[PDB]
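Beneath this line is the structure, given in structure tokens, with notes to follow.
Chain lettering (A, B, C, D, E, F, G and H) follows the sequence in which the chains are written, and residue indices restart at 1 in each chain.
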Amino acid sequence: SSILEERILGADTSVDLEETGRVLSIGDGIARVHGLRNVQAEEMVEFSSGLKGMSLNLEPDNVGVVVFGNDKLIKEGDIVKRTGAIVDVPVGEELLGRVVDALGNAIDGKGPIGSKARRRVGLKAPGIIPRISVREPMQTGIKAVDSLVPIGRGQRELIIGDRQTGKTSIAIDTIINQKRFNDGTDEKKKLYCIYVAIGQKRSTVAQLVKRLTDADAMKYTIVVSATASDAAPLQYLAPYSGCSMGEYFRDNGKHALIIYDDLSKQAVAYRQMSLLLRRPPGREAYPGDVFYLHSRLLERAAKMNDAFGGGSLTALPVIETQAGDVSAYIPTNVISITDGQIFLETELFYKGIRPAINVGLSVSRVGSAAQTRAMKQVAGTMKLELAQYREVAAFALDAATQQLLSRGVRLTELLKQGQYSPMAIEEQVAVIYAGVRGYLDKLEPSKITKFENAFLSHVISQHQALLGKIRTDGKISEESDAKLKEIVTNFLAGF
Amino acid sequence: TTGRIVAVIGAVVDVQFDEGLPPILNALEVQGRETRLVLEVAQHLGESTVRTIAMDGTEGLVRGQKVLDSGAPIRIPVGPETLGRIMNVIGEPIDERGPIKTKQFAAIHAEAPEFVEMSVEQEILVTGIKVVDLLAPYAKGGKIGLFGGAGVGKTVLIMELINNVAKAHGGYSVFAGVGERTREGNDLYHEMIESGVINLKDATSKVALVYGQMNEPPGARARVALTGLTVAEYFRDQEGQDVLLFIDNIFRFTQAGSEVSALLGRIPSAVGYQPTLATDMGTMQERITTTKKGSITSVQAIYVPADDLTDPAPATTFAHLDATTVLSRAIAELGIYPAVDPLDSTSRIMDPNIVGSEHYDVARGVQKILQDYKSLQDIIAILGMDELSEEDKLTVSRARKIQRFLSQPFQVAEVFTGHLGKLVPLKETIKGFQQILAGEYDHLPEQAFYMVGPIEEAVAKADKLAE
Amino acid sequence: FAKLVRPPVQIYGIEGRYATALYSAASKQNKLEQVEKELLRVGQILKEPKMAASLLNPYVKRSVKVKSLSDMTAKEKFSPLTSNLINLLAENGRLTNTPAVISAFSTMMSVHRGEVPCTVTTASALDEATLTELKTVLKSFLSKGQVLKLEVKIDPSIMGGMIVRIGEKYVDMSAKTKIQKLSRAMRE
Amino acid sequence: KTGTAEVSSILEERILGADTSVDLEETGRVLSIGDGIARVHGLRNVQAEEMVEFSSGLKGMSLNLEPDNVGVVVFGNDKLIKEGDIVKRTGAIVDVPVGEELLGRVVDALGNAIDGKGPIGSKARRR
Amino acid sequence: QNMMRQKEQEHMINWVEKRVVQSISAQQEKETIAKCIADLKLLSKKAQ
Amino acid sequence: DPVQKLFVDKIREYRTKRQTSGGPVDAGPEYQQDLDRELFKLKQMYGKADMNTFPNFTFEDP
Amino acid sequence: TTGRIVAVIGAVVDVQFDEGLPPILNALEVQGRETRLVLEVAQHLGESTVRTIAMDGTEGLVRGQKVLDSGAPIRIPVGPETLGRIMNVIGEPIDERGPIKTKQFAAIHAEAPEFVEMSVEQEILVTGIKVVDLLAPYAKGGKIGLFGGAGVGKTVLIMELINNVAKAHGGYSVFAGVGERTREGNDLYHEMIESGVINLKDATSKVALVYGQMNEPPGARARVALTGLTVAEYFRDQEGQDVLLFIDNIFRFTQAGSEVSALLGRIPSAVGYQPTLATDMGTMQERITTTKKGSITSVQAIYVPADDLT
Amino acid sequence: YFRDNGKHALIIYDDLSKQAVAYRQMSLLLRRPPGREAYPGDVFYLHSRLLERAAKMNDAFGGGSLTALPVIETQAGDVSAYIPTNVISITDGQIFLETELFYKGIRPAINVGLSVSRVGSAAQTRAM
């Protein structure tokens, strides 16, 4: 009770001399403010109702201000006070584990954000000298992604697929898997995930936060939710807020991961904003600007060299394609901005093959670089074998052909996975080893999943020493290979 | 002079002068900035007001700042001291090695060569790529275009061309990366440093680099191409030396010009593109020419938006190129690489009097047979190949063999494929395709030709498969 | 083109654009005060019911408008600048928005001589001693040459304190704003 | 409905009774050049699709005859035209030289030789 | 416990705002104007 | 610190609240019904056990 | 305060206030009509003018008519006395059965429940229908598409869901017939009366019907879904129970929004739909959720134009 | 008038696409925002508030009735156009008349696969 009275005290009530303008016309989400003579462009003005707006157009006689809320809370004749700072967001480790909205206003309860530093959402990407090639691996904990289409730290992969094919699930598994690194001793392997939810059902984000809290994964995650109901100028801004909260780590020597989900629902908010500004629509009614919108956002997922801290900011944009048209406008706009792609087929998914990565089309243009050597040894063979299997699967003769078909089917059954079940790198190495070297060609394909499960149980139980040896020395030595071989043979014997 | 900003919409700044205005295309410095923001004039609205396009972020511009006229258009340092450096649109160095200490600057908005200066000699340029050499032989001293959707090979192909051509070159070179990945530009920089093409401690560099990568506002992307043209025009004229000018991606020039043409108050053309699309492209591509003073070999990578070749941008650029090379996603999805479409690639030196008669005849036989197979594909896709005459079955077999044989493994794609990169001399290419057409290899399987160099390797791979 | 002298305050729209033309015309020849006089006289003239009703009907030839305005500006012996301005407005057809024009000019003249406007909003009247000390303090905000042009106002929506506007600057000492700030800060 | 020539630089000339000093019949001043189209104030006696000549040797063809200004199209690059430049008529509908002199010449769209072999010695001109 | 605490809190604040809006009529206008005038003086002093 | 009238006003009004809180002040029946419904949902989510009964399961074997 | 109609262009009326404008989305009552015409504010054009969309025919509006600002968005009665009563967008009863007597009034333009109020465990509404509850289980606070046109049992299925939910959960139901054919609306009313879900005598009806007819200006067909959500939101929050909310049709909702946006003069989006299609759908669909007090489960009949799911 | 006096009427609009064209001309000349195919935003309201006057009053109101048979022309059998779909979502059925059937002897060319009547057999004599 009296705590509330203390809450009264210490509240800043000192008045200040501040420039002001008067709203002329509010409608379509763009206010026309009169006055504000000394207002900078892209500044953040504040309306009398507590809302905020970005000063978009500086026309000679008025200022176009895009409102970051519901324009029903803005009259004509209202008062707009310029806050004298380009659109800023709070950054720092104070946000970790907090669900802040697109502007850093905690929508979580749990008190306010105690941030002490602010960044500009409209910053500029690092140039050409600061960046360095991608070297370190980003462990997704998903067998198919980690083996075939790996990801690095500084890379900006894309996840592209239809409605309900497991894009958010891949994102969440990547976030969860970082738990082990974020508990170890070296700060060089800690990844501070971020998750931007754009134009998504609020209940979905609530359940996602609940899941991340169950898995103890909120100690490092920041969720920046601009859900479906939120006004378009907030869904347009949320990715930039998140990218700034990530750039903070990247520029302070740490490693961050940002997942925009989706970027196809930011471009729709931007199309709304533009068409309501009367800008000339282009292809599919998108403004010609709809590229610069994503290019400037995704060019910040850099990897600074050691002379610039050495941090990094991985990005995993999630695009959603109607009827799986990879050649639509936005999908190609983003396929030409990113360093890879993970195509999630909607017919592989409907066959129960989950996650549904279409390994034929998926690629990672840093690929073999920044991959654990052990996984490289095990998975290069799998990549070749899957290639051969795909080359021939159009009809279902000789010994080699049937051998290719059988090995490919076994490997496909091996790459399936369950939700919220990330696997350490050594476990993936062991499973794919038992799969590719040929210790499964007799077992029925239908059982390959069950085998996998049981095998893990054994390996994680008895031979933790071998897995620790693989993890520490990130490579399968000959003696390690022999021990793994005998382990697999012995376990398979009991069948 | 000294005007004052009166409006700032996106990347378009309207400025007002009380003394004489600056002529169109001039550059203006926004006085009172933490960096150098150059505004290039573009219109004369009236009331001693001009409308300018900003070559940098216009965030933080207060209505009423002071803008100071430069008196001349954007002028960049040119000379042999730009070799091995990196430059942004306004010509500042962005490699952190000190200023570009040249004697002489060039304005980026010069005029095209006059009709009484154009050269006419045509000579084949051998690249070591089977399909390019056979069907669309590149011409030494002429523009070249790589038309591609997103993710089909334009950049791997232009890097293979860089390697093959440039490394075996004598003259200079300019890479003007306009509106393209920043990390790719960094990788190219650090890849030429290790190849000795760029030297950080001497004067033996051969390549200049200019970058307007995709993080830059529309104003910069629309003009970095002109900076590259200027740096190359200099080496063409004030040195009388052969230049190579790679541009990737030239479509970003026109795209940026359209992003900053709605604000200039113009009525949008066909697909939202600026009304001045064709003329803006022409005034730029008409300075990339071989003339009687020098010889520029331009390789331009043209993006094809949403894989639409009838889009106004590529449709307009098709008329400025000697040799086009249409990379198609349909082929790339078959695994063939480079994905070049044999029946859309063209050249102006596919003449029996230029490339001889055996070369021309082989190329035309390949195209004839591929076209026949394409015509058959409509029936084949439904009634299967079991419903074709015997001559048709034989044609389809040859066509598939040729489609595969056109695929080649590049040096720069070792990390992707792992296969060793191959240069196939022109005579070997002609010989191999002549043999495949004659029928000397009707006994081998298709896969014996997939991703091999000269046909000797095809025979060897067929032998390996036979065991 | 000529170098029209920029007026101190910039106005926009057709009104402010005619006003800028007139200000630049008068500033050359230094006829600002008399020009303003004739403007504030045509302000009364055009309000005449006969002229007011005649100039709003669009069914009288524009030449009739110009002839009538030439008559009414020759009768009053207006400076050549004002007669030319009114003929210009009649020719272009903007005289329907003359009061916006002349009004703009008045503003554009105030800013010339330093009548930096102000405004005070309170929940009740103000004792002349309090108002005078308020004027004395507000005078401190300005610069040399400028002179305050206060404008008292009363509203009941704001409970306590007051709201002050000095050109662009604006300070809200109302009790309404303070109550809202306390309630939000304590709630949040 | 703001007229193009309702700028202040023009209304000021009108207001202070100075328009009579300049010729606004066979001459005009560029209100606004941009993107290759000039608006010209004046030329009250310029014919539709007549050629006009700018004060830098550039020519144009007066296409739009609007009530208060003239929309002229520059047969060249407008880098050299500036607000306030003097546009003076040529008097004749745009016409090009003709004859047998052109035979064997790479002439330009307007009849100016661009092969560098010397001027076209033509005699007659056709609209 | 938590539910009761928060609910009592909101009810308390509603009652308190009722009280403050009621008491706002209390005669303190003159001292209020005096102090705000002094504050204007401070603001102006900082303005120069 | 006391000069600002609003701060002292809120202070004194809350003081009065505290003294009047000898018992909770201004419940209003709405208060009781809201309590009823929210406690109902709370217990229904939890169960029908007593306020403070320390129970046992009375275990068994297969 | 009273303004004056200054312009009347089709279904778009521009009113001019003089003292103070009404915030956007307020409801204005035109004075002088035999029926009750309500204009919903949509823009603040400046010069104290507001552009508004009419909820009824704007025939006979003079330029100068007095328009009284109600003071809050359209407000409807949301008691438990709505059940069994048909009402239209502005809240009037269109079954000529006497006024809807309620002690509560709700404004139809609300906001989605905040993030904290969201429930995190995903339950399973038990409809009591075997096929629905086995192969495609329904979720509390979830949206449910319903494909299939006529002759298949859509109305009988709707009635069965209404009955089973009211019987096995105690939760009422709302039926927001957006763009409802008058013939079909009357047939549905009489089918319900026959089948007992509506009862005209004993005040134990389990359905609240809201009808936005197909002959009402677009400004009305685009808001009836919000009237349905208002009634159901009352049943969820102020009565803490699960609710069913049938929306037939949901395509006509987007179409009505599209026509309103075109009338206001907004550049059409991709295929002629309004630029604000995503957020127009979001503001409505995002109030159908399972908060900590209750849940609204929405069954939305869906029409796919041109058999095109994209 | 006949509906409201215990009499039965049958109104045949022929066509309702040309009323839409005339309305479009009026709007585009009054300068109202075009919309799809240049049709204003009221080409649904226009037709809905016309076709919703075909009723069947109960005995308390006279018992009269008023049927309606709007005729629409579709270009190339395209029934997904703007006006055809506007008037298909307002009415209680449709009687498709395909020309392919017209020329192969089937006249009236009533395609009975696409034709429907949401009223159905509720309006058929017991014998039929």
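Following the convention adopted for this analysis, a residue touches a chain if its C-beta (ideal position, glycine included) is under 8 Å from a C-beta of that chain, and two chains touch if they have at least 3 such contacts.
K.L.:
Select the chain whose centre, defined as the mean of its C-alpha atoms, is least distant from the mean of all protein C-alpha atoms.
P.N.:
Per-chain C-alpha centroids ranked by distance to the global centroid put A first.
K.L.:
Higher C-beta contact count, A-F or A-E?
P.N.:
Result: the pair with more contacts is A-F.
K.L.:
If you average the CA atoms of chain F and of chain G, how far apart do the two points sit, in angstrom?
P.N.:
Each chain reduced to its C-alpha mean, chain F and chain G end up 37 Å apart.
K.L.:
Taking each chain's centre as the mean of its CA atoms, how far is chain D from chain F in angstrom?
P.N.:
86
K.L.:
Roughly how far is chain D from chain E, centre to centre by C-alpha average, rounded to an integer in Å?
P.N.:
Averaging C-alpha atoms per chain gives centres 71 Å apart.
K.L.:
Quick check: what residues of chain B touch more than one other chain, meaning two or more?
P.N.:
Counting only residues that touch two or more other chains, chain B contributes 48.
K.L.:
What parts of chain A, by residue number, touch at least two of the other chains?
P.N.:
Within chain A, the residues that touch at least two other chains are 1, 4, 8, 13, 15-17, 37-38, 60, 281.
K.L.:
Using the touch rule from the top of the page, what residues of chain F touch 2 or more other chains?
P.N.:
In chain F, 4-6, 10, 14 touch at least two other chains.
K.L.:
Which chain C residues qualify as touching chain D in the complex?
P.N.:
It is residues 1-2, 4, 14, 17-18, 20-22, 24-25, 28-29, 80-81, 84-85, 88, 92 of chain C that touch chain D.
K.L.:
If we count contacts the way the header does, which residues on chain E are in touch with chain C in the complex?
P.N.:
Residue positions touching the partner: 13, 17, 20-21, 24, 28-29, 32-33, 36-37, 39-41, 43-45, 47.
K.L.:
In the complex formed with chain B, which residues of chain A make contact?
P.N.:
Per the touch definition, chain A meets chain B at residues 37-42, 57-60, 86, 120, 122, 124-129, 131-133, 154, 279-283, 287-289, 291-292, 295-296, 299-300, 302-303, 327-329, 332-333, 335-337, 339, 341, 361, 367-369, 391.
K.L.:
Enumerate the contact residues on chain A facing chain C in the complex.
P.N.:
4, 7-8, 11-13, 15-20, 35, 37-38, 50, 60-61, 79, 81, 112
K.L.:
Show me the residue ranges of chain G that touch chain H in the complex, using the header's touch definition.
P.N.:
Against chain H, the touching part of chain G is residues 9-11, 57, 150-151, 179, 181-184, 213-215, 217-218, 252, 255, 258-260, 262-266, 268, 272, 303, 305-306.
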